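First comes the structure, then the notes that go with it.
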Amino acid sequence: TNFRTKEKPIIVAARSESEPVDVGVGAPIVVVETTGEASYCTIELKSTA
Amino acid sequence: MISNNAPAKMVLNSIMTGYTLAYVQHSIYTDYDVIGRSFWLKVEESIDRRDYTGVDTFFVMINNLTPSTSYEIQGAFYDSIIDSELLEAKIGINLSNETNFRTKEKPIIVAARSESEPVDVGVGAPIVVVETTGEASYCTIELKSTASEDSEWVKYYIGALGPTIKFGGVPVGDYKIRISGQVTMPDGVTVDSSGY
Amino acid sequence: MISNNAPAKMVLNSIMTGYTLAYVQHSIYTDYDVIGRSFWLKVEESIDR
């Protein structure tokens, strides 16, 4: 029998974009492109400041 | 006489129902002469006889089931001596107790709308509120813009299925909405879908 | 001779693959003299027993 192991989810591309609202600036939303295999993923961020 | 007693009364351990595929668990067997397994699924009045020679697995897979439909199931184990004619006659076998169940409902979009909270300074981000009914382990919802026919079904919410669905981030415009259901059988490798 | 026939052909019921751990399901056994289970995983050319 032939099979294949799961792929580790890795961060391919990531960016944050805020929708331009007429009155001010909308809340930014981080858009991340990832590849891999996982039942569920946990993403954490650490400030570099 | 040859010690070919009737097989011991088989009891359905557990059953899982999906859209068209279903998980059925059956008890163990002890007679050495038993070589095959037979099952009787009764919908409305007619009964379908599904037979499987494999006995090494404590569970069987059932397909070709109409979603959102109730069924009655029976099963039995047959030896080499008992033929198929007696199987239709159901003579000389220990029939399992009849069990009733129902297939899962395909998640469909009942009502859908998008509302933006009115903030004092400007207009808040709109949130799409969708009313849906059906059964699914988790649901994936994609939207395709109607302004351009080349628009793709952009992902907007993936998660558990619920009658009340709220999500934002949708740009202002005209779009189509479609839903897809997904159910995974306890093996974790077999997954049932309700389509789009 | 001693009725030590070869064990019945074992069929892999189901297999699940992860990152490094994997689930493998195997069929039942009937011979009384069988005492152990062996497996052969072949990656590329080499096979691990």
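Labeling convention for the structure tokens: chains A, B, ... as they appear, residues from 1 per chain, ligands from 1 in order of appearance.
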Would you kindly return, as a PyMOL selection string, each protein, DNA or RNA residue with an atom no farther than 9 Å from any atom of stretch 33-45 of chain A, considering only C-alpha atoms and excluding same-chain residues fewer than 2 positions away? (chain A and resi 6-15+31+47) or (chain C and resi 18-19)
Keeping only C-alpha atoms, take the residues you just selected and write them out as a PDB file, in the first residue's frame.
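What landed in result-v7.pdb:
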ATOM      1  CA  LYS A   6       0.887  15.164   5.888  1.00  0.00           C
ATOM      2  CA  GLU A   7       2.497  18.466   4.949  1.00  0.00           C
ATOM      3  CA  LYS A   8       3.565  20.808   7.719  1.00  0.00           C
ATOM      4  CA  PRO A   9       1.563  24.057   7.450  1.00  0.00           C
ATOM      5  CA  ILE A  10       3.966  26.902   6.683  1.00  0.00           C
ATOM      6  CA  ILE A  11       3.475  30.610   6.045  1.00  0.00           C
ATOM      7  CA  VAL A  12       3.958  31.264   2.334  1.00  0.00           C
ATOM      8  CA  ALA A  13       2.833  34.886   2.030  1.00  0.00           C
ATOM      9  CA  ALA A  14       1.320  37.259   4.560  1.00  0.00           C
ATOM     10  CA  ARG A  15       0.072  40.836   4.498  1.00  0.00           C
ATOM     11  CA  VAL A  31      -4.318  38.224   4.764  1.00  0.00           C
ATOM     12  CA  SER A  47       5.604  42.282  18.546  1.00  0.00           C
TER      13      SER A  47
ATOM     14  CA  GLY C  18       0.160  12.436   9.803  1.00  0.00           C
ATOM     15  CA  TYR C  19       3.459  14.311  10.017  1.00  0.00           C
TER      16      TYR C  19
END
Give me, as an MDAnalysis selection string, the residues of chain B touching chain C, with the criterion being at most 8 Å (counting only C-alpha atoms). chainID B and resid 56:57 188:189
Between atom CA of residue B:71 and atom CA of residue B:133 - distance in Å to one decimal: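 These atoms are spaced 21.0 Å apart.
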List every residue of chain A that has an atom at most 10 Å from any atom of chain B, giving for each one its closest atom pair and the distance in Å to one decimal, counting only C-alpha atoms, sorted by chain and then by ascending residue number, as CSV.
residue,atom,partner,partner_atom,distance
A:18,CA,B:169,CA,9.7
A:19,CA,B:171,CA,8.2
A:21,CA,B:123,CA,8.2
A:22,CA,B:122,CA,7.4
A:23,CA,B:122,CA,5.0
A:24,CA,B:122,CA,7.7
A:26,CA,B:125,CA,7.6
A:27,CA,B:125,CA,8.6
A:28,CA,B:169,CA,9.8
A:29,CA,B:169,CA,8.1
Using only N, CA and C atoms, please write the residues we just selected to a file, as a short mmCIF file (atom, residue, chain, number, x, y, z; two decimals), in the first residue's frame.
data_model
loop_
_atom_site.label_atom_id
_atom_site.label_comp_id
_atom_site.auth_asym_id
_atom_site.auth_seq_id
_atom_site.Cartn_x
_atom_site.Cartn_y
_atom_site.Cartn_z
N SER A 18 -6.16 47.26 5.06
CA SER A 18 -7.28 47.96 5.67
C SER A 18 -8.16 48.52 4.57
N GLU A 19 -9.44 48.20 4.64
CA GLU A 19 -10.38 48.71 3.65
C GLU A 19 -10.51 50.22 3.78
N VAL A 21 -12.51 53.20 4.00
CA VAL A 21 -13.87 53.68 4.18
C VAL A 21 -13.89 55.17 3.90
N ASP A 22 -15.06 55.68 3.52
CA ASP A 22 -15.19 57.10 3.23
C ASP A 22 -14.90 57.97 4.45
N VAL A 23 -15.40 57.60 5.61
CA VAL A 23 -15.18 58.36 6.84
C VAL A 23 -14.08 57.63 7.61
N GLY A 24 -12.84 58.03 7.36
CA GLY A 24 -11.71 57.46 8.06
C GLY A 24 -11.07 56.29 7.34
N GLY A 26 -10.81 51.95 7.54
CA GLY A 26 -11.37 50.76 8.14
C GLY A 26 -10.33 49.94 8.89
N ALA A 27 -10.82 49.01 9.69
CA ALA A 27 -9.94 48.18 10.50
C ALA A 27 -9.10 47.27 9.59
N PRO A 28 -7.78 47.25 9.77
CA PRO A 28 -6.94 46.39 8.92
C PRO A 28 -7.21 44.92 9.17
N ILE A 29 -7.08 44.13 8.11
CA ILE A 29 -7.25 42.69 8.16
C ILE A 29 -6.01 42.04 7.57
#
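Distances to chain A were evaluated for C:9, C:32, C:4, C:20 using only C-alpha atoms, and the minimum falls at C:20.
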What is the distance, in Å and to one decimal place, between atom CA of residue B:155 and atom CA of residue B:179? 10.4 Å
Find the residue from B:82, B:172, B:91, B:191 that sits nearest to residue A:20; use only C-alpha atoms when measuring. B:172
